[PDB]
Structures are given as C-alpha cells and as structure tokens.
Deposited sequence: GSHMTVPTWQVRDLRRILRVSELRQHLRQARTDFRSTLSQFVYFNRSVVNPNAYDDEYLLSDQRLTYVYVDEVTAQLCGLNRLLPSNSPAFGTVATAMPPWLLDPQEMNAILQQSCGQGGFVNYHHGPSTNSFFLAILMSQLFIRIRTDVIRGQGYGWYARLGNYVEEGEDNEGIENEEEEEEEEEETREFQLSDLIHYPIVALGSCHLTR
C-alpha cells in the first residue's frame, strides 16, 4: 500500500519541487496494475466505479493546517464547495502569494463544503497533492505569465469549460493522497 508523502518539513522551494516530482513517479509505479480504490456499498464483491488516471500531473487541493493533517494522513479528500464539490488546480503551492491564491479560490468555490476558502488565506496555507479520478472535470484555465493552469471539479455545481455510476457523495471521501505539505516556503 501507498504511504502518503508528508512534506510538511520540506519547506525550501527547490527541494519541495524535487520531492513532489518523486512522489508522483513513485505513486504511478504503484498503479501499473489496479486503479480502483473505493469499495462498493451495495456490493461486497466489488469496488465502486471511481478510478484514478495514472498518466496525469499532480493537482492540488488547498487546505488549512488541521485538515492537511487529518485528511492527508488518513486517505480522505475534503470538499471545498457546496453540493460535495472538490476543486483542484494545476497551480502549484509556490506559484502565487497566499493572499492571491485565497482571492482566486473564493471566486472559484462557494460556501458549504468541508473547507471554506471564504474564511481567508489560512484555509489555503497547506495542500494535498492528488492524482485525479475520471470524475474530475476541467472547469477553466488560468493564465499566469504566458502559462495556462487547469482548474478541475469533482461534483459540485460546475460545468465543463440518470447517473448510474457508484461513487462517494460527501464532504469527506475516502481517496488516495499522494502528498501533503505546506505553502510556508523559503529559498
């Protein structure tokens, strides 16, 4: 089984980048077989319909200090928007000033999820790095200095930029965490 990489004491940006790169590579090697992760509620024989996409870059779910520890260490992904939505971004922990990342997250996510970015920058001072499942959809592209960054949502009230499938709908879901870390970075 995968053990989450706890990068909360890797706080120099160069070194953090190396650790996150290695975490993704190590994680992908565990996915050479089997990409399902959550067991069916209606079937003892089965996993549910949610699977990870192995051939993908890490995305980030920004969180407060306590959430990073409680979820990151315990294979839990929290919602950060109403109707059980989890918003993730390609925008890495070292890209934007913490206040500016908060401003953008507030424009991107409403109130009512487990993490509420409307409480201010403390809710994005830490991060969970994940590989997204097939349930995440691209909701927009931000351009920072010539470079595009995807934003993605699992459920919530979002559209791409009757349901027959079994998957989790709650404010905390069982989900493989690649890494957890802090945005309190230095040279």
Taking the deposited sequence from residue 1, the uncovered stretches are 1-7, 169-185
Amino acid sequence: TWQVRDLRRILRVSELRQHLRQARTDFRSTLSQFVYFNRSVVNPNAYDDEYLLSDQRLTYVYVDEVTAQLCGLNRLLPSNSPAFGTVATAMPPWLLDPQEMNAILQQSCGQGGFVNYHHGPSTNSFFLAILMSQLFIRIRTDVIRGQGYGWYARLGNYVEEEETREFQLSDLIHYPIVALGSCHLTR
From here on, numbers count along this sequence of modelled residues.
As the entry reports it, the stretch among 23-31 and 124-132 with higher mean C-alpha B factor is 23-31
With B-factors read from the PDB entry, the higher C-alpha mean of 40-48 and 151-159 is in 40-48
In this crystal structure's PDB entry, the residue among 61, 53, 58, 68 with the greatest CA B factor is 53
The third of the chain into which the C-alpha temperature factor of residue 17 falls is the lowest
Among the modelled residues of its chain, the C-alpha B-factor of residue 106 falls in the third labelled middle
Tertile call for residue 99 (CA temperature factor, within chain, third-based) is the highest
So, residue 179's CA B-factor, relative to its chain, sits in which third? The lowest
Residue 10: C-alpha B-factor third of its chain, per the entry, is the lowest
